[PDB]
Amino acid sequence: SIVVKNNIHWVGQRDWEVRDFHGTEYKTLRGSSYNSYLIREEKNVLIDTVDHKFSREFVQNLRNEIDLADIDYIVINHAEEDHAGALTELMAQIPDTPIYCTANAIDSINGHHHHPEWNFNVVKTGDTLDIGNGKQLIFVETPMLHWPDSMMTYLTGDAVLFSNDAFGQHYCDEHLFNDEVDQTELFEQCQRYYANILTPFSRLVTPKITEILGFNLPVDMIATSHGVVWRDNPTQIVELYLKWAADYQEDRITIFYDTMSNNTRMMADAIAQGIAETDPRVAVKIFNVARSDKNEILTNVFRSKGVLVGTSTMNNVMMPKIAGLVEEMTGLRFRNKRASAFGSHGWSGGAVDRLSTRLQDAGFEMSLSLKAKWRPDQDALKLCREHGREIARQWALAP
(Lines of atoms letter the chains of each structure in order from A and count residues from 1; the text may use other names and numbers.)
(Lines give C-alpha, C1' and ligand atoms only; values in the text may rest on other atoms or scores of the structure.)
Protein backbone atom coordinates (compact mmCIF):
# COMPACT_ATOMS: atom_id res chain seq x y z
CA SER A 1 0.00 0.00 0.00
CA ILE A 2 0.87 3.69 -0.39
CA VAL A 3 -0.16 6.47 2.00
CA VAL A 4 -2.30 9.00 0.13
CA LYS A 5 -2.77 11.46 2.98
CA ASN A 6 -3.07 10.86 6.73
CA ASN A 7 -5.08 7.66 7.23
CA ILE A 8 -5.96 7.21 3.56
CA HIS A 9 -4.15 4.21 2.07
CA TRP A 10 -3.97 3.33 -1.62
CA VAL A 11 -4.72 -0.40 -1.88
CA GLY A 12 -5.19 -0.71 -5.64
CA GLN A 13 -3.50 -2.41 -8.59
CA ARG A 14 -1.11 -1.25 -11.30
CA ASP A 15 -1.65 -2.83 -14.74
CA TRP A 16 1.42 -2.41 -16.94
CA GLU A 17 0.32 -5.05 -19.47
CA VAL A 18 -3.26 -4.10 -20.29
CA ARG A 19 -3.69 -2.90 -23.86
CA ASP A 20 -7.41 -3.39 -24.51
CA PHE A 21 -10.31 -1.77 -22.69
CA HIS A 22 -14.00 -2.16 -23.52
CA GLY A 23 -13.30 -5.07 -25.83
CA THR A 24 -10.78 -3.47 -28.15
CA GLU A 25 -12.59 -0.11 -28.33
CA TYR A 26 -10.07 1.70 -26.13
CA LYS A 27 -6.36 0.94 -26.55
CA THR A 28 -4.40 1.63 -23.38
CA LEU A 29 -0.95 2.07 -24.90
CA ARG A 30 0.51 3.13 -21.55
CA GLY A 31 -1.36 0.55 -19.51
CA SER A 32 -3.63 1.55 -16.66
CA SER A 33 -4.23 1.22 -12.92
CA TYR A 34 -7.22 0.57 -10.66
CA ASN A 35 -7.26 2.77 -7.57
CA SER A 36 -8.94 1.52 -4.40
CA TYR A 37 -8.61 3.32 -1.05
CA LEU A 38 -8.74 2.25 2.58
CA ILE A 39 -9.61 5.02 5.01
CA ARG A 40 -8.76 4.20 8.62
CA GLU A 41 -10.41 6.49 11.17
CA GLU A 42 -12.73 5.28 13.95
CA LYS A 43 -14.54 3.46 11.16
CA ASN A 44 -12.65 1.69 8.39
CA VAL A 45 -13.93 2.36 4.87
CA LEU A 46 -12.95 0.65 1.62
CA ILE A 47 -13.54 2.79 -1.46
CA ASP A 48 -14.05 0.70 -4.61
CA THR A 49 -12.11 -2.45 -5.49
CA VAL A 50 -10.12 -3.33 -8.62
CA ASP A 51 -10.49 -5.11 -11.93
CA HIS A 52 -11.89 -8.65 -11.81
CA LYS A 53 -8.68 -10.07 -13.34
CA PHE A 54 -6.85 -9.09 -10.13
CA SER A 55 -9.50 -10.16 -7.63
CA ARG A 56 -7.40 -12.75 -5.76
CA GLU A 57 -4.43 -10.35 -5.56
CA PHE A 58 -6.67 -7.57 -4.33
CA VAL A 59 -8.14 -9.54 -1.43
CA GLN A 60 -4.69 -10.93 -0.55
CA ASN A 61 -3.10 -7.48 -0.60
CA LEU A 62 -6.00 -6.10 1.42
CA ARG A 63 -5.54 -8.77 4.10
CA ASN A 64 -1.90 -7.65 4.35
CA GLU A 65 -3.08 -4.12 5.06
CA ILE A 66 -5.92 -4.94 7.46
CA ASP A 67 -7.99 -7.82 8.85
CA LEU A 68 -10.98 -7.98 6.48
CA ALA A 69 -13.38 -8.16 9.44
CA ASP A 70 -12.19 -4.70 10.58
CA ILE A 71 -13.61 -3.12 7.43
CA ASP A 72 -16.79 -1.31 8.54
CA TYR A 73 -18.11 0.07 5.28
CA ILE A 74 -17.63 -0.54 1.57
CA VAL A 75 -18.29 2.33 -0.82
CA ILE A 76 -18.93 1.46 -4.46
CA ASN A 77 -18.79 4.61 -6.61
CA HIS A 78 -19.29 2.78 -9.87
CA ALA A 79 -19.87 -0.90 -10.56
CA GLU A 80 -18.05 -1.44 -13.86
CA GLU A 81 -15.90 -4.57 -13.68
CA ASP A 82 -12.65 -2.62 -13.60
CA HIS A 83 -13.67 -1.24 -10.19
CA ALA A 84 -16.24 -3.59 -8.67
CA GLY A 85 -14.59 -6.65 -10.22
CA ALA A 86 -13.11 -7.99 -6.98
CA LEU A 87 -16.31 -7.46 -4.99
CA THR A 88 -17.61 -11.05 -5.16
CA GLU A 89 -14.28 -12.41 -3.86
CA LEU A 90 -14.17 -9.85 -1.09
CA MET A 91 -17.83 -10.22 -0.08
CA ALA A 92 -17.35 -13.97 0.08
CA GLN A 93 -15.05 -13.26 3.04
CA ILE A 94 -17.15 -10.57 4.71
CA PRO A 95 -20.70 -11.19 3.43
CA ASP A 96 -22.44 -9.05 6.07
CA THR A 97 -20.44 -5.92 5.35
CA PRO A 98 -22.60 -2.88 4.44
CA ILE A 99 -22.23 -1.52 0.90
CA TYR A 100 -22.92 2.16 0.19
CA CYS A 101 -23.87 3.12 -3.36
CA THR A 102 -26.45 4.84 -5.58
CA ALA A 103 -29.84 3.26 -6.24
CA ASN A 104 -28.70 2.59 -9.82
CA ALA A 105 -25.58 0.83 -8.47
CA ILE A 106 -27.75 -1.80 -6.81
CA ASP A 107 -29.01 -2.69 -10.27
CA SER A 108 -25.50 -2.72 -11.82
CA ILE A 109 -23.76 -4.52 -8.91
CA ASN A 110 -26.49 -7.17 -8.95
CA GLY A 111 -26.27 -7.19 -12.74
CA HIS A 112 -22.61 -8.20 -12.53
CA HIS A 113 -22.40 -10.15 -9.26
CA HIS A 114 -25.90 -11.59 -8.70
CA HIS A 115 -25.77 -11.38 -4.93
CA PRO A 116 -28.89 -9.31 -4.21
CA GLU A 117 -28.74 -10.52 -0.60
CA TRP A 118 -25.83 -8.17 0.13
CA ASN A 119 -26.61 -5.29 2.48
CA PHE A 120 -26.93 -2.34 0.11
CA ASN A 121 -27.39 1.17 1.48
CA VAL A 122 -28.71 3.68 -1.02
CA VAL A 123 -27.06 7.09 -0.88
CA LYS A 124 -28.31 10.30 -2.51
CA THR A 125 -26.34 13.53 -3.14
CA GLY A 126 -25.60 15.16 0.21
CA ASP A 127 -26.09 12.02 2.28
CA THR A 128 -23.35 11.49 4.83
CA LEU A 129 -21.58 8.68 6.63
CA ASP A 130 -19.66 9.41 9.85
CA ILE A 131 -16.30 7.69 10.28
CA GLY A 132 -15.12 9.32 13.51
CA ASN A 133 -12.36 11.77 14.45
CA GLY A 134 -14.49 14.65 13.20
CA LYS A 135 -14.60 13.35 9.64
CA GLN A 136 -17.39 12.07 7.43
CA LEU A 137 -18.04 10.97 3.88
CA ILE A 138 -20.34 13.03 1.69
CA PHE A 139 -21.86 11.38 -1.36
CA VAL A 140 -22.44 13.11 -4.69
CA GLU A 141 -24.50 11.35 -7.37
CA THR A 142 -23.11 11.73 -10.88
CA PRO A 143 -25.46 9.77 -13.17
CA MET A 144 -24.12 9.22 -16.70
CA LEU A 145 -20.65 10.36 -15.71
CA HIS A 146 -20.27 7.90 -17.16
CA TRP A 147 -22.80 5.24 -16.04
CA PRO A 148 -26.24 5.54 -14.41
CA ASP A 149 -24.68 4.15 -11.21
CA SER A 150 -21.78 6.63 -10.98
CA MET A 151 -21.13 8.79 -7.93
CA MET A 152 -18.26 10.46 -6.11
CA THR A 153 -17.31 10.35 -2.45
CA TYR A 154 -15.91 13.34 -0.54
CA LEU A 155 -13.97 12.97 2.70
CA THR A 156 -14.17 15.97 5.02
CA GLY A 157 -11.21 17.20 7.04
CA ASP A 158 -8.74 15.57 4.69
CA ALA A 159 -10.58 17.36 1.86
CA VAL A 160 -10.20 14.48 -0.60
CA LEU A 161 -12.58 13.89 -3.50
CA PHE A 162 -12.78 10.26 -4.62
CA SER A 163 -14.00 10.88 -8.15
CA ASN A 164 -13.80 7.34 -9.57
CA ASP A 165 -13.51 7.48 -13.40
CA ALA A 166 -13.87 11.27 -13.61
CA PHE A 167 -10.53 13.13 -13.89
CA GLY A 168 -8.70 9.81 -14.20
CA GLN A 169 -6.62 8.48 -17.07
CA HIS A 170 -5.18 5.18 -18.25
CA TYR A 171 -1.53 5.69 -17.43
CA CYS A 172 0.45 3.14 -15.47
CA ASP A 173 3.23 4.42 -13.18
CA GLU A 174 4.68 3.22 -9.86
CA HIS A 175 4.40 6.80 -8.55
CA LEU A 176 0.94 7.66 -7.24
CA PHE A 177 0.95 11.46 -7.47
CA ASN A 178 0.51 13.80 -10.44
CA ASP A 179 3.64 15.83 -9.61
CA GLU A 180 5.73 12.63 -9.73
CA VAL A 181 4.99 11.49 -13.30
CA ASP A 182 5.82 12.71 -16.80
CA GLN A 183 3.53 15.68 -17.46
CA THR A 184 3.21 15.34 -21.26
CA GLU A 185 2.37 11.65 -21.01
CA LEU A 186 -0.07 12.44 -18.18
CA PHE A 187 -1.79 15.12 -20.28
CA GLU A 188 -1.89 12.94 -23.37
CA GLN A 189 -3.55 10.09 -21.50
CA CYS A 190 -6.01 12.48 -19.82
CA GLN A 191 -7.13 13.90 -23.16
CA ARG A 192 -7.34 10.54 -24.97
CA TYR A 193 -9.52 9.38 -22.11
CA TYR A 194 -11.91 12.35 -22.20
CA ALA A 195 -12.12 12.34 -26.01
CA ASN A 196 -12.91 8.64 -26.36
CA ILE A 197 -15.09 7.97 -23.31
CA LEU A 198 -16.56 11.20 -21.94
CA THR A 199 -17.32 13.34 -25.02
CA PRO A 200 -20.93 12.09 -25.28
CA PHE A 201 -21.56 13.14 -21.67
CA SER A 202 -20.02 16.61 -22.00
CA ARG A 203 -23.36 18.34 -21.36
CA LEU A 204 -23.40 16.82 -17.88
CA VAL A 205 -19.85 17.84 -16.95
CA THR A 206 -20.20 21.57 -16.30
CA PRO A 207 -23.44 21.35 -14.28
CA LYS A 208 -22.02 18.58 -12.05
CA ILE A 209 -18.76 20.44 -11.47
CA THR A 210 -20.77 23.57 -10.75
CA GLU A 211 -22.85 21.65 -8.21
CA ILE A 212 -19.79 20.20 -6.45
CA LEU A 213 -18.11 23.60 -6.30
CA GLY A 214 -21.31 25.13 -4.96
CA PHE A 215 -20.87 23.01 -1.84
CA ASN A 216 -18.01 25.38 -0.95
CA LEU A 217 -15.93 22.42 0.23
CA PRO A 218 -12.10 22.49 0.08
CA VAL A 219 -10.43 20.13 -2.41
CA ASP A 220 -6.85 19.37 -1.43
CA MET A 221 -6.67 16.12 -3.41
CA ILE A 222 -8.64 14.38 -6.13
CA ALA A 223 -8.18 10.62 -5.85
CA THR A 224 -9.51 9.02 -9.03
CA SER A 225 -10.01 5.36 -9.86
CA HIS A 226 -7.44 5.39 -12.69
CA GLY A 227 -3.90 6.73 -12.71
CA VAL A 228 -2.52 9.52 -10.52
CA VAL A 229 -3.85 11.10 -7.37
CA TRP A 230 -4.07 14.84 -8.06
CA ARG A 231 -2.42 16.39 -5.02
CA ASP A 232 -0.45 19.24 -6.58
CA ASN A 233 -2.78 21.94 -7.88
CA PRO A 234 -5.64 19.42 -8.21
CA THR A 235 -8.02 21.91 -9.87
CA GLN A 236 -5.87 21.81 -13.01
CA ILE A 237 -7.75 18.67 -14.12
CA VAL A 238 -11.08 20.23 -13.14
CA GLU A 239 -10.35 23.26 -15.31
CA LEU A 240 -9.27 21.00 -18.20
CA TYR A 241 -12.58 19.17 -18.02
CA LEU A 242 -14.50 22.48 -18.12
CA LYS A 243 -12.53 23.43 -21.22
CA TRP A 244 -13.00 19.98 -22.74
CA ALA A 245 -16.72 19.87 -22.01
CA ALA A 246 -17.45 23.10 -23.86
CA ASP A 247 -17.58 21.53 -27.36
CA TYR A 248 -13.80 21.81 -27.34
CA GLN A 249 -11.84 22.50 -30.50
CA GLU A 250 -8.47 23.82 -31.60
CA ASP A 251 -7.42 25.31 -34.92
CA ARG A 252 -6.96 21.78 -36.21
CA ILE A 253 -8.35 19.68 -39.07
CA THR A 254 -8.26 15.89 -39.14
CA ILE A 255 -8.43 13.95 -42.38
CA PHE A 256 -9.13 10.24 -42.27
CA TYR A 257 -10.15 7.66 -44.86
CA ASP A 258 -9.92 4.10 -46.03
CA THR A 259 -8.85 3.13 -49.54
CA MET A 260 -8.57 0.00 -51.70
CA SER A 261 -6.17 1.21 -54.38
CA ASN A 262 -4.81 4.46 -52.93
CA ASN A 263 -7.01 6.82 -54.96
CA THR A 264 -8.80 8.32 -51.95
CA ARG A 265 -5.37 8.54 -50.30
CA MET A 266 -4.09 10.68 -53.17
CA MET A 267 -7.16 12.91 -52.74
CA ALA A 268 -6.50 13.17 -48.99
CA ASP A 269 -2.86 14.23 -49.41
CA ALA A 270 -3.80 16.86 -52.00
CA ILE A 271 -6.55 18.28 -49.76
CA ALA A 272 -4.00 18.60 -46.92
CA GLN A 273 -1.54 20.46 -49.15
CA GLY A 274 -4.29 22.88 -50.12
CA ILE A 275 -5.16 23.49 -46.49
CA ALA A 276 -1.53 23.90 -45.45
CA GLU A 277 -0.69 26.50 -48.07
CA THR A 278 -3.92 28.47 -47.50
CA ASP A 279 -3.97 28.71 -43.69
CA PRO A 280 -0.66 27.92 -41.91
CA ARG A 281 -2.30 28.28 -38.47
CA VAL A 282 -4.13 24.98 -38.92
CA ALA A 283 -2.65 21.80 -37.51
CA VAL A 284 -3.47 19.04 -40.00
CA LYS A 285 -3.35 15.30 -39.36
CA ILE A 286 -4.04 12.51 -41.86
CA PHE A 287 -4.91 8.90 -41.04
CA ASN A 288 -5.63 5.79 -43.01
CA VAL A 289 -8.16 4.15 -40.67
CA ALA A 290 -7.02 0.66 -41.72
CA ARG A 291 -3.44 1.49 -40.69
CA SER A 292 -3.85 3.75 -37.65
CA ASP A 293 -4.83 3.83 -33.99
CA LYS A 294 -8.60 4.44 -33.92
CA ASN A 295 -8.49 6.16 -30.54
CA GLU A 296 -5.78 8.54 -31.76
CA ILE A 297 -7.99 9.43 -34.73
CA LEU A 298 -10.86 10.24 -32.38
CA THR A 299 -8.69 12.28 -30.01
CA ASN A 300 -7.71 14.33 -33.01
CA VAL A 301 -11.36 14.69 -34.06
CA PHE A 302 -12.13 15.84 -30.52
CA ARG A 303 -9.37 18.46 -30.86
CA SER A 304 -10.48 19.56 -34.34
CA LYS A 305 -12.68 22.36 -35.67
CA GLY A 306 -13.50 20.18 -38.66
CA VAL A 307 -12.79 16.87 -40.34
CA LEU A 308 -12.64 15.43 -43.82
CA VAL A 309 -13.62 11.80 -44.14
CA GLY A 310 -12.85 9.68 -47.17
CA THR A 311 -14.13 6.45 -48.67
CA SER A 312 -14.30 4.89 -52.09
CA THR A 313 -17.41 3.03 -53.19
CA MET A 314 -17.28 -0.70 -52.47
CA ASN A 315 -20.22 -2.84 -53.64
CA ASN A 316 -22.46 0.26 -53.67
CA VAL A 317 -21.74 1.07 -50.03
CA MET A 318 -18.91 2.73 -48.12
CA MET A 319 -15.85 0.94 -46.83
CA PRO A 320 -16.73 -0.93 -43.61
CA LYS A 321 -14.13 0.65 -41.29
CA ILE A 322 -15.48 4.06 -42.24
CA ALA A 323 -19.06 2.92 -41.59
CA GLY A 324 -17.90 1.60 -38.22
CA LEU A 325 -16.14 4.83 -37.31
CA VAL A 326 -19.19 6.86 -38.32
CA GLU A 327 -21.36 4.66 -36.13
CA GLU A 328 -19.04 5.26 -33.19
CA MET A 329 -18.90 9.01 -33.83
CA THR A 330 -22.70 9.07 -33.89
CA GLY A 331 -22.62 7.67 -30.37
CA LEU A 332 -19.86 10.05 -29.19
CA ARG A 333 -21.85 13.20 -30.12
CA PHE A 334 -19.12 15.54 -31.38
CA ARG A 335 -20.56 19.05 -31.37
CA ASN A 336 -19.93 22.31 -33.25
CA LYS A 337 -17.59 20.58 -35.71
CA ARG A 338 -17.65 20.88 -39.50
CA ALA A 339 -17.11 18.11 -42.03
CA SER A 340 -16.62 17.33 -45.70
CA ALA A 341 -16.88 13.89 -47.31
CA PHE A 342 -14.64 12.81 -50.18
CA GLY A 343 -13.53 9.79 -52.16
CA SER A 344 -13.08 8.00 -55.45
CA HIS A 345 -15.37 5.70 -57.41
CA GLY A 346 -15.16 3.50 -60.49
CA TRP A 347 -18.56 3.80 -62.11
CA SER A 348 -21.85 4.71 -60.38
CA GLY A 349 -20.27 5.57 -57.01
CA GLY A 350 -22.55 6.62 -54.17
CA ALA A 351 -20.48 6.07 -51.04
CA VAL A 352 -19.47 9.71 -50.66
CA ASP A 353 -23.08 10.96 -50.58
CA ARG A 354 -23.89 8.05 -48.26
CA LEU A 355 -21.06 9.13 -45.95
CA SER A 356 -21.94 12.84 -46.05
CA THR A 357 -25.50 12.10 -44.92
CA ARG A 358 -24.37 9.95 -42.01
CA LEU A 359 -21.84 12.58 -40.92
CA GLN A 360 -24.65 15.13 -40.93
CA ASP A 361 -26.80 12.78 -38.84
CA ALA A 362 -23.85 12.41 -36.45
CA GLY A 363 -24.02 16.16 -35.88
CA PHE A 364 -21.33 17.51 -38.21
CA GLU A 365 -22.07 20.70 -40.17
CA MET A 366 -21.47 19.65 -43.75
CA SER A 367 -19.50 21.51 -46.41
CA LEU A 368 -19.59 20.36 -50.05
CA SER A 369 -18.26 16.90 -50.91
CA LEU A 370 -15.33 16.10 -53.19
CA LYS A 371 -15.52 13.29 -55.75
CA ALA A 372 -13.09 11.87 -58.28
CA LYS A 373 -13.26 8.97 -60.73
CA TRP A 374 -10.62 6.24 -60.51
CA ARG A 375 -7.09 7.60 -59.99
CA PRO A 376 -6.77 11.41 -59.92
CA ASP A 377 -4.53 12.73 -62.70
CA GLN A 378 -2.72 16.09 -62.55
CA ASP A 379 -5.91 18.02 -63.26
CA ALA A 380 -7.94 16.10 -60.69
CA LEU A 381 -5.27 16.56 -58.03
CA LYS A 382 -5.48 20.33 -58.68
CA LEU A 383 -9.20 20.12 -57.91
CA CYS A 384 -8.48 18.19 -54.71
CA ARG A 385 -5.92 20.80 -53.67
CA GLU A 386 -8.39 23.58 -54.41
CA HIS A 387 -10.96 21.77 -52.30
CA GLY A 388 -8.42 21.92 -49.47
CA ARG A 389 -7.90 25.64 -50.10
CA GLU A 390 -11.65 26.31 -50.18
CA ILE A 391 -12.26 24.28 -47.02
CA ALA A 392 -9.41 26.11 -45.26
CA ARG A 393 -10.93 29.45 -46.22
CA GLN A 394 -14.44 28.48 -45.09
CA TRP A 395 -13.37 27.12 -41.70
CA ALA A 396 -10.76 29.79 -41.00
CA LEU A 397 -10.87 31.22 -37.48
CA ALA A 398 -10.95 34.99 -36.99
CA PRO A 399 -7.55 36.78 -37.27
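Residue numbers run from 1 along the displayed sequence.
J.: For the C-alpha atoms alone, is the average B factor greater in 166 to 174 or in 88 to 96, going by the entry?
T.: Comparing 88 to 96 with 166 to 174, the higher average CA B-factor belongs to 88 to 96.
J.: Between 72 to 80 and 188 to 196, which has the larger average Cα B-factor in the PDB entry?
T.: In the deposited entry, the stretch with the higher C-alpha B-factor mean is 72 to 80.
J.: So if I compare the CA B-factors in the entry for 250, 328, 296, 158, which one is the largest?
T.: Among 250, 328, 296, 158, the PDB entry lists the largest C-alpha B-factor for 158.
J.: Between 372, 332, 368, 62, which one tops the list for Cα B-factor in this entry?
T.: Of the options given, 62 has the highest CA B-factor in the PDB entry.
J.: Test of reading the entry: by CA B factor among the chain's modelled residues, which third contains residue 183?
T.: Ranked within chain, residue 183 CA B lands in the middle tercile.
J.: Is residue 148 in the lowest, middle or highest third of its chain when residues are ranked by C-alpha B-factor?
T.: It belongs to the middle third of the chain when residues are ordered by C-alpha B-factor.
J.: Once the chain's modelled residues are ordered by C-alpha B factor and cut into thirds, is residue 345 in the lowest, middle or highest one?
T.: Lowest third - that is where residue 345 ends up once the chain's C-alpha B-factors are sorted.
J.: Determine, from the deposited record, the chain-internal third of the Cα B-factor for residue 208: lowest, middle or highest.
T.: Residue 208: CA B-factor falls in the middle third of its chain.
J.: Lowest, middle or highest third: which one holds residue 20 when the chain's residues are ordered by CA B-factor from the entry?
T.: Middle third of the chain for residue 20's C-alpha B-factor.
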